[PDB]
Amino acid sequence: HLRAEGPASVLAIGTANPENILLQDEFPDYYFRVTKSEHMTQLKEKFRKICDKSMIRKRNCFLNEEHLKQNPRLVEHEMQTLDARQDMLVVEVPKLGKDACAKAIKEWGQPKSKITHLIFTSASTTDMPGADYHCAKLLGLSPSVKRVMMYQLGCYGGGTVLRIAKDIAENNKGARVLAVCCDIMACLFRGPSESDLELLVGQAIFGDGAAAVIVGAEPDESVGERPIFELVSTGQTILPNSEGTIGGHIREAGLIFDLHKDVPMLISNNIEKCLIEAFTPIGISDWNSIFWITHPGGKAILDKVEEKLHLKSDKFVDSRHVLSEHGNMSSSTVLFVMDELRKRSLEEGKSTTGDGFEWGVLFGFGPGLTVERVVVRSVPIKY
């Protein structure tokens, strides 16, 4: 049985979003108008302060006002609407995922018949056959591509798809793994109630997007393959004292979510143990001596991690950039951060794809409370 030699690497990254944009300056007034909730004057001003403090300036969003006029049940606080949401999302999720995959394939530059495996994750929908089947068909992949469908992971799933891809690519000589994440927030959009600030936090922060990577071991430079990041080691853990703090449920009313106020403190108070476990085998203890690829679940998670570890403000630039332009897109977000990091490193004349550092860490955070961790190495930029 022929296995590969040496580590799996990310060979290409592609991203996509719906064309329609929500400008955050306009969002409190838009949301309270389309939901027929203008009478809630005090709640609207509380919501404006949440949106202003979020550090999100714009979001892409497939759902538009004409969808809401065609089905006004979607603007109610709680109404049976899953079937309408699914009718949209079982089509749009694989379509936007295929758009990200086509951009990754173009960068990679190899024939699409060389793709041996396809991993697909989304928390926005579920169906049989799944988004993996439709994405493969829209791309014209081999019917014998080996698929890994992972519905309903949530915000840690960008780390999960890299962890799954690493073992496949290393155990199978010649394997080339296409891994894609895609979410569309029409699954969870609904109108306000007078007391429910938890619902409003989600309505302010979640946005739409897809991101795809090609992963393989033994890159062949002679045909034009080029590694961007090496995948070194992985971990997945459940934080102590964290039950129920991040949740998401598929219900008759749509996707219903739970977000506890303690989430930023729980991440920040546990993240040093994750780093010690990952980096002691490599001989590293200085968290300012590595690059970071961090899921921006909210501005408070980034601010509290930076403060707890005394990180320099260089580490989170790409996480803050993606947050500002796209909001929280669930699993795909950390892959947008990876793309921005390597692109900015080249634009700024840095020595490696990881802002001039050799070693780095990737983190995703989501339901459990689960932390996905990947130790990564950059590649030199040769000029």
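Numbering starts at 1 and runs along the sequence shown.
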| task | Take the C-alpha B-factors listed in the entry for 21-29 and for 361-369, compute each mean, and give the stretch with the larger one. | result | 21-29
| query | Which is higher on average in the deposited entry, the C-alpha temperature factors of 277-285 or of 121-129? | reply | 277-285
| Most elevated Cα B-factor in the entry, residues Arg251, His134, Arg226, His295 | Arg226
| Of the choices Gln152, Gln236, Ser313, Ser233, which one's C-alpha carries the largest B-factor in the record? | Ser313
| request: For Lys103, return the chain-relative third of its C-alpha B-factor as stated in the PDB record: lowest, middle or highest. | output: middle
| Where the record places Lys36 (Cα B-factor, split into thirds across the chain) | highest
| Third of chain Cα B-factors occupied by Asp258 | highest
| query | Among the modelled residues of its chain, does the C-alpha B-factor of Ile271 lie in the lowest, middle or highest third? | reply | highest
| message | Among the modelled residues of this chain, does the Cα B factor of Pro143 put it in the lowest, middle or highest third? | response | middle
